[PDB]
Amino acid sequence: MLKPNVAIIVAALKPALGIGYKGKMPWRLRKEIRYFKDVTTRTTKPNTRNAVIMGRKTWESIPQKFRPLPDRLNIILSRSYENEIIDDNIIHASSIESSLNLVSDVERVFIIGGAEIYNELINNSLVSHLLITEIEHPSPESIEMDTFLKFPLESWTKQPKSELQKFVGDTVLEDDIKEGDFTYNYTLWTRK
């Protein structure tokens, strides 16, 4: 695949954009996990699938029985990896671009974490869209977090809900979803 558009998908707590604590997500939002699954799996074209890219630490954090993530081509980056196809669902690479040279029949590509991957790849011009779930809490300071997005958002534009809707196709997008004390909304951002 040559120079595909790539999207980042992440869930973050406003206003600091925290995304983790001691190697895990600081919340369990059930409807948000379901959204992540639908957006990253669904395709429109026939014989295609989407690819998900993750850092080695994220891959190793999935219980072995639950990997690879089903119904998507899994790409794992490590600076120590050779560019290799493991099987039809797993690719190892040391760079995003190298990895995409190994794929065919992919419709969309999503970066799914973690923090080091996000913070480095935001500055790669292949990244064209950010799917950020903006999480809000009455007392964000009470939530322990050690990992944060370092995104240059002054260079990106938040689009209207209509644009997100068109991006995700059929997926149901509810507004101000509440689970416990958290309220969240799905957003789409593109480069200015």
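Basically, rigid core = biggest C-alpha set you can superpose within 1.5 Å across the two forms. A residue's number is simply how far along the shown sequence it sits, counting from 1.
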### Query
After a core fit, does 73-81 or 96-104 show the bigger CA gap to the shown form in 8 other deposited structures of this protein?
96-104
### Query
Looking only at CA atoms, which has the higher mean B factor in the entry: 16-24 or 179-187?
16-24
### Task
Select between 102-110 and 115-123 the stretch whose C-alpha atoms have the higher average B-factor in the entry.
102-110
### Summary
Based on the PDB entry, the highest CA temperature factor among the options 132, 143, 53, 164 is that of 143
### Query
In this PDB entry, which of 57, 137, 158, 34 has the top CA B-factor?
137
### Summary
Tertile call for residue 74 (CA temperature factor, within chain, third-based) is the lowest
#### Entry: Third of the chain, ranked by Cα B-factor, where residue 168 sits
middle
### Message
Using only modelled residues of the chain, where does the Cα B factor of residue 89 rank: lowest third, middle third or highest third?
### Response
lowest
### Query
In terms of the CA temperature factor given in the entry, to which third of its chain does residue 2 belong: lowest, middle or highest?
middle
### CA B-factor ranking of residue 128, expressed as a third of its chain
lowest
